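Taking it in order: structure first as structure tokens, then the write-up.
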Amino acid sequence: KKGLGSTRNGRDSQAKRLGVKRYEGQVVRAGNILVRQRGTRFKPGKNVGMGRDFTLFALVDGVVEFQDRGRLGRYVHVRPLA
Amino acid sequence: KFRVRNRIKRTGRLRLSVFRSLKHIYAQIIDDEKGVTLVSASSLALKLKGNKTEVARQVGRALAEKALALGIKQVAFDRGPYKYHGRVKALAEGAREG
Amino acid sequence: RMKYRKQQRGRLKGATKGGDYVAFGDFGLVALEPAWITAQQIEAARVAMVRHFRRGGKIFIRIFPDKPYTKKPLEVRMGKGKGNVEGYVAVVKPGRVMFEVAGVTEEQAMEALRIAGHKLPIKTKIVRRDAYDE
Amino acid sequence: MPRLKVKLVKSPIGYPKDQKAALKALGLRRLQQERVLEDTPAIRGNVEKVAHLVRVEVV
Amino acid sequence: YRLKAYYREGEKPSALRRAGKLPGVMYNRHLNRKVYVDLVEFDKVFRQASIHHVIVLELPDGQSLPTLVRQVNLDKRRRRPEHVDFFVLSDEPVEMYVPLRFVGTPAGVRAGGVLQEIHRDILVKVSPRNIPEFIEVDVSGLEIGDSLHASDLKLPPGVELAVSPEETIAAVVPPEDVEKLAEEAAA
RNA sequence: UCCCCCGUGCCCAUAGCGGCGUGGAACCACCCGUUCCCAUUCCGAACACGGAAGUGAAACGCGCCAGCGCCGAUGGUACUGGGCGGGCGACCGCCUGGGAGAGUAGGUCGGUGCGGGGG
RNA sequence: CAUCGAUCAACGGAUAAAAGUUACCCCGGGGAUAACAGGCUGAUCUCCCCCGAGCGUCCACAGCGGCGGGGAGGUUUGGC
RNA sequence: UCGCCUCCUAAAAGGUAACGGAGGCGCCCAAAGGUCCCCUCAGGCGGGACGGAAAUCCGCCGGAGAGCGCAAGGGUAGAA
RNA sequence: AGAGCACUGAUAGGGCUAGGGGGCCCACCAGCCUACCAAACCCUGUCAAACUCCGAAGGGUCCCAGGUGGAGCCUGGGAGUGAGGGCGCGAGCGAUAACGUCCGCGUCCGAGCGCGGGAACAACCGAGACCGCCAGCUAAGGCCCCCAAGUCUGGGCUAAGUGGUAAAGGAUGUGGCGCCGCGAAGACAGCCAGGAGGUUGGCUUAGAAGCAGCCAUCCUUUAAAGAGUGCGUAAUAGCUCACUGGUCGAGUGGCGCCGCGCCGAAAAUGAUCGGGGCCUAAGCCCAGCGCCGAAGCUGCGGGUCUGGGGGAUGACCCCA
Ligand SMILES: [Mg+2]
Ligand SMILES: [Mg+2]
Ligand SMILES: [Mg+2]
Ligand SMILES: [Mg+2]
Ligand SMILES: [Mg+2]
Ligand SMILES: [Mg+2]
Ligand SMILES: [Mg+2]
Ligand SMILES: [Mg+2]
Ligand SMILES: [Mg+2]
Ligand SMILES: [Mg+2]
Ligand SMILES: [Mg+2]
Ligand SMILES: [Mg+2]
Ligand SMILES: [Mg+2]
Ligand SMILES: [Mg+2]
Ligand SMILES: [Mg+2]
Ligand SMILES: [Mg+2]
Ligand SMILES: [Mg+2]
């Protein structure tokens, strides 16, 4: 019954929690993060912004919204105000 | 082609988009958000002479006169495809000096 | 071919899209129930048609084995079967037009498809044509 | 507008978790239990959610 | 060719789908009416009517409309139709298909060959007034290796095309024999 | 309030591609010269200055076509919540909600806000 | 306070410093786990058949059944 | 094989196992770092002394199919 | 999921065409045809976990509203658990085997081996058991006997014990449907009469007269015969095939589909749906009323817990 041993295909990597964090119409505070992502899939809009890892974080307190610039991408903004 | 239209749109508002043609030079002060123009300084649309460089230097002094009575102070330049050199400097260099 | 190695399976779900209609041909063969038709009954069904009529006709195979088989050899459990020891198979669901031919009447072709229809694990129904072209 | 009266003739055994928790929201604990409420469409959902367990009458 | 038809409305499709009826719909440029028709009546007629013959509908509104099929949503699996689209003709131009009745026996068939009527029908540009029946082709001087495109065609009066004259229509292919299995399983 | 031109912003191909006509009064571009600011990994090609010999050919904006491209219903279907049924088997069927994809008729050679100049 | 000495790679790292044999063996437990069988399957095995290209002096079927296809048994080799 | 990275299995929030299917890392860059400015590919067609299917050039077509150090994925010429 | 080919790759046919294969220009080194292999591109029709121009039901999150549930939150004391298993589904592995395994959702056993149907049968079906009662309603499932309840009513189906376990396949089993041919000028089956010359068609062989193979896809006298549907032949001759006539006398044939059946189908102690036994319905399809049924619900009684309520109260009294 004694057979062979082994291949090469069991390696994997561990999870990165890739997602939109806060969603549209969610109250967010200051500094919060909104989009953890790979690249510029959703782009930083009004009162948003990103460093290094494409991380959309609110510059200022407000409400989060989505608008679709079809061509120009997808944009997450911040409605400060109230 | 344009970039710096976007570069300013990051920071504040108050686009001062300058158009330069071979005999003409038009300089507005246009605000986004509301997406509406304001001080529409020009020369070939005003009445000034035609020596180009030393003509931009005066339309540059117009917005100052015209705007400082409208609640304006905040510079926010908008070089077009041009390169901050000749007429665009003279157009500019009178602005804050005005 | 060129492809790349081996592939999972795929539960033949809805007896559907794997389906067609007699295009470039007179009469054709249909599937009453699904299976995994192999690159060895096809040829076996193919040559069985030609041999019925020497010098004649044109047989239009319309399925292709683009799928890997996988079998291990008597061992235990490790890795995935390299397999292919029978080769390649073609995903076949009902309604599909397996074969269809042209070049003779029917008394010389109601059997050529009747024959090869016996080279299949699945029940078949010869298609006349029915000009229902879409 | 008339109310909503619902009776139950089936048991929540062999049926999922949320399906049960609705019956708590509607207040169904026993057998042939009669909870009569106000035909509000938010509530109708959980009746539409367990339509097979409960019997519905219009009052 | 005459053909009774009926109306379906707020009912449900699969209903008289069972009882032997058949659902459909008609449309032009300013009307869309869900309707239904008998199947065995549709199956009696369409087999030779096809996507070509004159199609008339004599609805219980007394109306009698010259129309055409243009989509057959057959039941994939179970060789039977399920739904039909109807185009309301009028007078304005229209694209449609015309049979390509080939005539004679070709030359390549003699020394081994079979006709492969690639397109028996051609999308054309024409008027409902002018309803051609077929476009004959003297396919005969064609041998094992001689094809025929949309270029090689004599068109009836008042009819023009919308496909491409750089397309294909028919061909005579070599046959298949048993002496050539050597070129196959053993190589 | 409207029409043309110029700068520009939004809706993101019912704006795009190709072809066809028009526009030069002002508009803008081509165009003259590189003396000075500036500049080309050679070059006034481009960036730039000075400017009126020439023109709307280019490029550009405006109107027509529908060939490509795009948009695209209704209808019906696959599929699927959820409840249920049949076959040991691969799988299939019923009911109530949801409802595609592609294919059809059809539509499309953009729409709009601000300022400035000229009507 | 700033910084250095890591295949501590068995990479949350027992020590700073570590390989084997036992059938001369023993102990504590495990069918949570292998051989013999009981059980599931039935890939292979044995038997059986369906079409029918051809053999059989002429002719598919007296007897034979290419390429294929579907089954019964659970006697083999195996899998669980 | 043991740590870490990319895709699927991952059943459309995250996450998900198997001695499942496929591939990488233990480096590197004083410029591959930041600021300001200029420029925008691969490929194809057709002409071009070398070479020659493929050398630098030129006209057209060319919206991303090139490039972004290394595996893969996301992203991206309205630049990175 | 689905579907599609616009990216990644895969593919059958045809087409036009870079390259090469046969053949001439037989060589300046190029060229034309091509039942040849072949990419670029197009149409026809497609394949995909690591393809997506699209795209769901569902899924997650914030707001609003219902929702008082042993909801949710916070602080602290204490534990236990961290081997699980079954079934339905979506995948991977495995042989589209395994009462095999690794995952996800949900369910249940474990902790419900406590009850009722499934003959028996932990997780299949119903249904959460606080106790008592010789009370009533029911779910699953059942109604000839063990075995409580219609040998119930109407309408079909099958002659095998199908029911009471299995295929590809064969068929002249049976019933229902639809699509047509024939026929009073006379049709299906039977019976009588005739059934031929050109022609031993051309190639083919020892031979090919129809019966070896290949090929096309003739002319006739006659009311009617086809380069012949089988046998038979070595080739032949012989019969019979359809076809014409008469006979004749109340009808006939062919295609496919479904509803139910037949065979296929051979194992080891003794055999059987649980057993008997069954318009032989006590089996299958449909419709209707009725009945039995579990600890589920209801009825009365008792206990205990949480909460409210009565008392200027221990206790007791009420209701959920
Ligand atoms: Mg991120
Ligand atoms: Mg319908
Ligand atoms: Mg005027
Ligand atoms: Mg450690
Ligand atoms: Mg010793
Ligand atoms: Mg062993
Ligand atoms: Mg047979
Ligand atoms: Mg055999
Ligand atoms: Mg950089
Ligand atoms: Mg790059
Ligand atoms: Mg799929
Ligand atoms: Mg609330
Ligand atoms: Mg029991
Ligand atoms: Mg109770
Ligand atoms: Mg009794
Ligand atoms: Mg036996
Ligand atoms: Mg025994």
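Simple scheme: letters A, B, ... for chains in structure tokens order, numbers from 1 for residues in each chain, numbers from 1 for ligands in the order shown.
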Can I get the residues close to ligand 3 as a ChimeraX atom specification, where close means within 12 Å and we count only C-alpha atoms (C1' of nucleotides) and all ligand atoms? /F:2-4,118-119
Selected residues written out with C-alpha atoms (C1' of nucleotides), as a PDB file, in the first residue's frame:
ATOM      1  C1'   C F   2     -33.442  84.094 -26.900  1.00  0.00           C
ATOM      2  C1'   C F   3     -28.873  82.991 -31.329  1.00  0.00           C
ATOM      3  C1'   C F   4     -23.436  82.869 -32.422  1.00  0.00           C
ATOM      4  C1'   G F 118     -20.781  90.034 -30.493  1.00  0.00           C
ATOM      5  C1'   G F 119     -25.745  89.720 -32.429  1.00  0.00           C
TER       6        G F 119
END
Grab me every residue within 8 Å of ligand 9, counting only C-alpha atoms (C1' of nucleotides) and all ligand atoms, and send it over as a PDB file with N, CA, C and O atoms (P, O5', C5', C4', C3', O3' and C1' of nucleotides), in the first residue's frame.
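As written to disk, out.pdb reads:
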ATOM      1  P     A H  32      16.394  55.817 -10.127  1.00  0.00           P
ATOM      2  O5'   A H  32      14.987  55.302  -9.616  1.00  0.00           O
ATOM      3  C5'   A H  32      13.944  56.225  -9.350  1.00  0.00           C
ATOM      4  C4'   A H  32      12.900  55.627  -8.449  1.00  0.00           C
ATOM      5  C3'   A H  32      13.047  55.962  -6.974  1.00  0.00           C
ATOM      6  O3'   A H  32      11.756  56.072  -6.391  1.00  0.00           O
ATOM      7  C1'   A H  32      13.243  53.618  -7.287  1.00  0.00           C
ATOM      8  P     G H  33      11.021  57.496  -6.373  1.00  0.00           P
ATOM      9  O5'   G H  33      11.207  57.987  -4.877  1.00  0.00           O
ATOM     10  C5'   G H  33      10.823  57.164  -3.790  1.00  0.00           C
ATOM     11  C4'   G H  33      11.085  57.861  -2.487  1.00  0.00           C
ATOM     12  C3'   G H  33      10.688  59.324  -2.473  1.00  0.00           C
ATOM     13  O3'   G H  33       9.331  59.496  -2.125  1.00  0.00           O
ATOM     14  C1'   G H  33      12.911  59.111  -1.730  1.00  0.00           C
ATOM     15  P     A H  80       0.778  60.790 -10.056  1.00  0.00           P
ATOM     16  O5'   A H  80       1.369  59.520  -9.325  1.00  0.00           O
ATOM     17  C5'   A H  80       2.728  59.155  -9.511  1.00  0.00           C
ATOM     18  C4'   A H  80       2.925  57.677  -9.312  1.00  0.00           C
ATOM     19  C3'   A H  80       3.171  56.889 -10.587  1.00  0.00           C
ATOM     20  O3'   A H  80       4.051  55.815 -10.313  1.00  0.00           O
ATOM     21  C1'   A H  80       1.186  56.130  -9.557  1.00  0.00           C
TER      22        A H  80
END
Exercise: residue A:34 partners within 6 Å, only C-alpha atoms (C1' of nucleotides), chain neighbours under 3 positions left out, as a list in words: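 Counting only the stated atoms, we get residues 20, 21, 22, 56 and 57 of chain A.
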Could the residues in this selection be written to a file with C-alpha atoms, as a CSV table (one decimal), in the first residue's frame?
chain,number,residue,atom,x,y,z
A,20,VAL,CA,-16.0,49.4,2.6
A,21,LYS,CA,-16.1,50.3,6.3
A,22,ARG,CA,-18.7,53.1,6.8
A,56,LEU,CA,-10.6,56.7,2.6
A,57,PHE,CA,-10.8,58.5,5.9
Around ligand 11, out to 10 Å and counting only C-alpha atoms (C1' of nucleotides) and all ligand atoms, which residues are there? I want them as a VMD selection string. (chain C and resid 10 to 13) or (chain I and resid 1 to 3 48 to 49)
Take the residues from that selection and put them in a file with N, CA and C atoms (P, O5', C5', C4', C3', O3' and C1' of nucleotides), as a PDB file, in the first residue's frame.
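Saved as out-v1.pdb:
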ATOM      1  N   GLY C  10     -18.427  20.163 -12.024  1.00  0.00           N
ATOM      2  CA  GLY C  10     -19.508  21.113 -12.143  1.00  0.00           C
ATOM      3  C   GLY C  10     -20.841  20.410 -12.230  1.00  0.00           C
ATOM      4  N   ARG C  11     -21.551  20.366 -11.108  1.00  0.00           N
ATOM      5  CA  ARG C  11     -22.818  19.657 -11.038  1.00  0.00           C
ATOM      6  C   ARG C  11     -23.752  20.140 -12.134  1.00  0.00           C
ATOM      7  N   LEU C  12     -24.050  19.251 -13.072  1.00  0.00           N
ATOM      8  CA  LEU C  12     -24.933  19.561 -14.183  1.00  0.00           C
ATOM      9  C   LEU C  12     -26.287  19.999 -13.657  1.00  0.00           C
ATOM     10  N   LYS C  13     -26.415  21.276 -13.315  1.00  0.00           N
ATOM     11  CA  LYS C  13     -27.603  21.763 -12.627  1.00  0.00           C
ATOM     12  C   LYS C  13     -28.836  21.734 -13.518  1.00  0.00           C
TER      13      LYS C  13
ATOM     14  P     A I   1     -21.533  31.262 -11.368  1.00  0.00           P
ATOM     15  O5'   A I   1     -23.019  30.946 -10.917  1.00  0.00           O
ATOM     16  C5'   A I   1     -23.314  29.810 -10.125  1.00  0.00           C
ATOM     17  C4'   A I   1     -24.800  29.662  -9.947  1.00  0.00           C
ATOM     18  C3'   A I   1     -25.605  29.652 -11.231  1.00  0.00           C
ATOM     19  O3'   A I   1     -25.662  28.375 -11.839  1.00  0.00           O
ATOM     20  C1'   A I   1     -26.555  31.196  -9.733  1.00  0.00           C
ATOM     21  P     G I   2     -25.254  28.191 -13.378  1.00  0.00           P
ATOM     22  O5'   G I   2     -26.155  29.252 -14.142  1.00  0.00           O
ATOM     23  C5'   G I   2     -27.568  29.239 -14.024  1.00  0.00           C
ATOM     24  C4'   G I   2     -28.173  30.502 -14.575  1.00  0.00           C
ATOM     25  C3'   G I   2     -27.740  30.862 -15.975  1.00  0.00           C
ATOM     26  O3'   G I   2     -28.420  30.113 -16.947  1.00  0.00           O
ATOM     27  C1'   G I   2     -27.680  32.787 -14.626  1.00  0.00           C
ATOM     28  P     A I   3     -27.594  29.422 -18.121  1.00  0.00           P
ATOM     29  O5'   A I   3     -27.244  30.624 -19.099  1.00  0.00           O
ATOM     30  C5'   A I   3     -28.280  31.394 -19.683  1.00  0.00           C
ATOM     31  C4'   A I   3     -27.809  32.776 -20.055  1.00  0.00           C
ATOM     32  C3'   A I   3     -26.679  32.842 -21.066  1.00  0.00           C
ATOM     33  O3'   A I   3     -27.153  32.777 -22.398  1.00  0.00           O
ATOM     34  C1'   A I   3     -26.168  34.217 -19.221  1.00  0.00           C
ATOM     35  P     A I  48     -19.543  26.015 -19.708  1.00  0.00           P
ATOM     36  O5'   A I  48     -18.217  26.497 -18.982  1.00  0.00           O
ATOM     37  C5'   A I  48     -17.395  25.559 -18.314  1.00  0.00           C
ATOM     38  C4'   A I  48     -16.205  26.217 -17.673  1.00  0.00           C
ATOM     39  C3'   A I  48     -16.468  27.506 -16.920  1.00  0.00           C
ATOM     40  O3'   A I  48     -17.017  27.304 -15.635  1.00  0.00           O
ATOM     41  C1'   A I  48     -14.577  27.776 -18.290  1.00  0.00           C
ATOM     42  P     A I  49     -17.422  28.563 -14.735  1.00  0.00           P
ATOM     43  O5'   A I  49     -16.138  28.802 -13.840  1.00  0.00           O
ATOM     44  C5'   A I  49     -15.622  27.753 -13.045  1.00  0.00           C
ATOM     45  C4'   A I  49     -14.907  28.276 -11.829  1.00  0.00           C
ATOM     46  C3'   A I  49     -13.578  28.963 -12.094  1.00  0.00           C
ATOM     47  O3'   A I  49     -13.746  30.334 -12.395  1.00  0.00           O
ATOM     48  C1'   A I  49     -13.350  27.398 -10.322  1.00  0.00           C
TER      49        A I  49
END
When the cut-off is 12 Å and you count only C-alpha atoms (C1' of nucleotides) and all ligand atoms, which residues lie near ligand 8, shown as an NGL selection string? (:C and (119)) or (:G and (49-54 or 64-69))
Taking only C-alpha atoms (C1' of nucleotides) and all ligand atoms into account, which residues have an atom no farther than 10 Å from ligand 6? I'd like them as a count of residues only. 3
Could you list, as a ChimeraX atom specification, all the residues within 12 Å of ligand 16, counting only C-alpha atoms (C1' of nucleotides) and all ligand atoms? /G:47-48,72-73 /I:265-268
Would you mind writing down, as a compact mmCIF listing (two decimals) with N, CA and C atoms, in the first residue's frame, each residue of stretch 12-74 of chain E that DSSP on the backbone assigns to strand (DSSP E or B)?
# COMPACT_ATOMS: atom_id res chain seq x y z
N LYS E 21 -52.58 26.17 -25.34
CA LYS E 21 -52.47 27.48 -25.95
C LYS E 21 -51.01 27.91 -25.98
N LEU E 22 -50.77 29.13 -26.47
CA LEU E 22 -49.42 29.60 -26.61
C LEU E 22 -49.40 31.11 -26.42
N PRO E 23 -48.48 31.63 -25.62
CA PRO E 23 -48.40 33.08 -25.42
C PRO E 23 -47.59 33.77 -26.50
N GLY E 24 -47.83 35.07 -26.62
CA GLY E 24 -47.12 35.89 -27.58
C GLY E 24 -47.31 37.36 -27.29
N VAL E 25 -46.82 38.19 -28.21
CA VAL E 25 -46.94 39.63 -28.08
C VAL E 25 -46.71 40.26 -29.44
N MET E 26 -47.28 41.45 -29.66
CA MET E 26 -47.12 42.17 -30.91
C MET E 26 -46.62 43.58 -30.64
N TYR E 27 -45.89 44.13 -31.60
CA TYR E 27 -45.29 45.44 -31.42
C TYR E 27 -44.91 46.02 -32.77
N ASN E 32 -48.17 47.97 -28.22
CA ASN E 32 -47.62 46.75 -27.64
C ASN E 32 -48.75 46.05 -26.91
N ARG E 33 -49.15 44.88 -27.40
CA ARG E 33 -50.28 44.14 -26.84
C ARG E 33 -49.85 42.72 -26.55
N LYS E 34 -49.76 42.39 -25.27
CA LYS E 34 -49.68 41.00 -24.85
C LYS E 34 -50.89 40.24 -25.39
N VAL E 35 -50.63 39.10 -26.01
CA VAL E 35 -51.65 38.33 -26.70
C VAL E 35 -51.29 36.86 -26.60
N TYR E 36 -52.23 35.99 -26.95
CA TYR E 36 -51.94 34.57 -26.96
C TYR E 36 -52.63 33.94 -28.16
N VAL E 37 -52.20 32.73 -28.49
CA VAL E 37 -52.66 32.01 -29.66
C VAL E 37 -52.62 30.52 -29.37
N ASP E 38 -53.36 29.76 -30.17
CA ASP E 38 -53.32 28.31 -30.09
C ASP E 38 -51.99 27.78 -30.59
N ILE E 55 -48.49 36.33 -42.78
CA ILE E 55 -49.06 35.97 -41.49
C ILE E 55 -50.17 36.95 -41.17
N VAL E 56 -51.39 36.42 -41.00
CA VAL E 56 -52.57 37.23 -40.74
C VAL E 56 -53.18 36.79 -39.43
N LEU E 57 -53.67 37.75 -38.65
CA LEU E 57 -54.29 37.49 -37.36
C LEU E 57 -55.67 38.12 -37.33
N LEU E 65 -54.83 41.56 -39.15
CA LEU E 65 -53.56 42.27 -39.26
C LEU E 65 -52.53 41.43 -39.99
N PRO E 66 -51.93 41.93 -41.06
CA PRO E 66 -50.78 41.27 -41.67
C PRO E 66 -49.51 41.54 -40.87
N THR E 67 -48.98 40.50 -40.23
CA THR E 67 -47.82 40.66 -39.38
C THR E 67 -46.77 39.61 -39.69
N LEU E 68 -45.80 39.44 -38.79
CA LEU E 68 -44.75 38.45 -38.98
C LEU E 68 -44.17 38.06 -37.64
N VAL E 69 -43.70 36.81 -37.57
CA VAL E 69 -42.86 36.39 -36.47
C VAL E 69 -41.46 36.92 -36.67
N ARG E 70 -40.71 37.02 -35.57
CA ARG E 70 -39.36 37.51 -35.71
C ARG E 70 -38.49 36.98 -34.57
N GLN E 71 -39.12 36.33 -33.59
CA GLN E 71 -38.38 35.61 -32.56
C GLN E 71 -39.18 34.41 -32.12
N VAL E 72 -38.53 33.25 -32.05
CA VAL E 72 -39.15 32.02 -31.57
C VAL E 72 -38.41 31.60 -30.31
Ligand 5: which residues are within 12 Å, counting only C-alpha atoms (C1' of nucleotides) and all ligand atoms? Reply as a ChimeraX atom specification. /G:22-25
With only C-alpha atoms as the basis for distance, which of C:125, C:77, C:71, C:93 is at the shortest distance from chain A? C:77
List the spatial neighbours of stretch 27-31 of chain A as a PDB file with C-alpha atoms (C1' of nucleotides), in the first residue's frame - criterion: any atom at most 8 Å away, only C-alpha atoms (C1' of nucleotides), same-chain residues fewer than 6 positions off excluded.
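Below is the file selection_33.pdb, written as the result:
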ATOM      1  CA  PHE A  57     -10.827  58.543   5.922  1.00  0.00           C
ATOM      2  CA  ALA A  58     -13.148  61.447   6.772  1.00  0.00           C
ATOM      3  CA  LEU A  59     -11.299  64.749   7.289  1.00  0.00           C
ATOM      4  CA  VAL A  60     -14.256  66.232   9.195  1.00  0.00           C
ATOM      5  CA  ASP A  61     -17.430  65.151  10.981  1.00  0.00           C
ATOM      6  CA  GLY A  62     -20.435  64.408   8.977  1.00  0.00           C
ATOM      7  CA  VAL A  63     -22.429  62.087   6.770  1.00  0.00           C
ATOM      8  CA  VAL A  64     -21.020  59.797   4.072  1.00  0.00           C
TER       9      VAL A  64
ATOM     10  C1'   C I  62     -26.630  53.274   9.188  1.00  0.00           C
TER      11        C I  62
END
Can you check which residues of chain F have any atom within 10 Å of chain C? Use only C-alpha atoms (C1' of nucleotides) and format it as a list in words.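 So the residues of chain F near chain C are residues 78, 79, 90, 91, 92 and 103 of chain F.
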Output C-alpha atoms (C1' of nucleotides) for every residue in that selection, as a PDB file, in the first residue's frame.
ATOM      1  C1'   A F  78     -33.188  30.635 -17.276  1.00  0.00           C
ATOM      2  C1'   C F  79     -32.328  31.515 -12.052  1.00  0.00           C
ATOM      3  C1'   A F  90     -27.249  11.596 -12.098  1.00  0.00           C
ATOM      4  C1'   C F  91     -31.613  15.078 -11.397  1.00  0.00           C
ATOM      5  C1'   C F  92     -36.796  16.859 -11.943  1.00  0.00           C
ATOM      6  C1'   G F 103     -32.080  38.475 -28.625  1.00  0.00           C
TER       7        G F 103
END
Chain I residues within 12 Å of chain C, counting only C-alpha atoms (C1' of nucleotides): which ones, as a VMD selection string? chain I and resid 1 to 4 8 to 14 44 to 50 90 to 96 100 to 101 167 to 169 213 to 214 256
What is the atom CA of residue D:46 to atom CA of residue D:59 distance in Å?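 So the answer is 18.0 Å.
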Neighbours of residue F:22 within 12 Å (only C-alpha atoms (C1' of nucleotides); same-chain residues fewer than 5 positions away dropped), as a PDB file with C-alpha atoms (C1' of nucleotides), in the first residue's frame?
ATOM      1  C1'   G F  56     -10.009  79.359 -42.599  1.00  0.00           C
ATOM      2  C1'   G F  61     -17.238  74.983 -33.242  1.00  0.00           C
ATOM      3  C1'   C F  62     -22.164  74.465 -35.748  1.00  0.00           C
ATOM      4  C1'   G F  63     -26.112  71.446 -39.039  1.00  0.00           C
ATOM      5  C1'   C F  64     -27.405  66.479 -42.049  1.00  0.00           C
TER       6        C F  64
END
Env. residues ligand 15 / 10 Å / only C-alpha atoms (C1' of nucleotides) and all ligand atoms / as a PyMOL selection string: chain I and resi 143-145+147-149+292
Show which residues sit within 9 Å of stretch 186-203 of chain I, as a ChimeraX atom specification. Count only C-alpha atoms (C1' of nucleotides), and ignore same-chain residues fewer than 5 positions away. /I:209,214-215,219-220,224-225,227,243-249,251-253
Tell me the residues of chain H close to chain B, meaning within 12 Å using only C-alpha atoms (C1' of nucleotides), as a PyMOL selection string. chain H and resi 36-40+77-79
Pick out the residues sitting within 8 Å of residue B:29, and hand them over as a ChimeraX atom specification; count only C-alpha atoms (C1' of nucleotides), and ignore anything fewer than 4 positions along from it in its own chain. /B:14-17,37-40
For the residues in that selection, give me C-alpha atoms as a short mmCIF file (atom, residue, chain, number, x, y, z; two decimals), in the first residue's frame.
data_model
loop_
_atom_site.label_atom_id
_atom_site.label_comp_id
_atom_site.auth_asym_id
_atom_site.auth_seq_id
_atom_site.Cartn_x
_atom_site.Cartn_y
_atom_site.Cartn_z
CA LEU B 14 -11.79 80.38 -6.15
CA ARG B 15 -10.42 79.24 -9.49
CA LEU B 16 -8.65 82.07 -11.32
CA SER B 17 -8.62 80.43 -14.72
CA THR B 37 -17.98 82.84 -12.18
CA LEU B 38 -17.37 86.21 -10.54
CA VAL B 39 -14.86 88.89 -11.54
CA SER B 40 -14.55 88.57 -15.33
#
Taking only C-alpha atoms into account and nothing else, which residues of chain C lie no more than 8 Å away from chain E? Please answer as an NGL selection string. :C and (15-17 or 19-20 or 24-25 or 50-51 or 53-58 or 94-96 or 102-103 or 130-134)
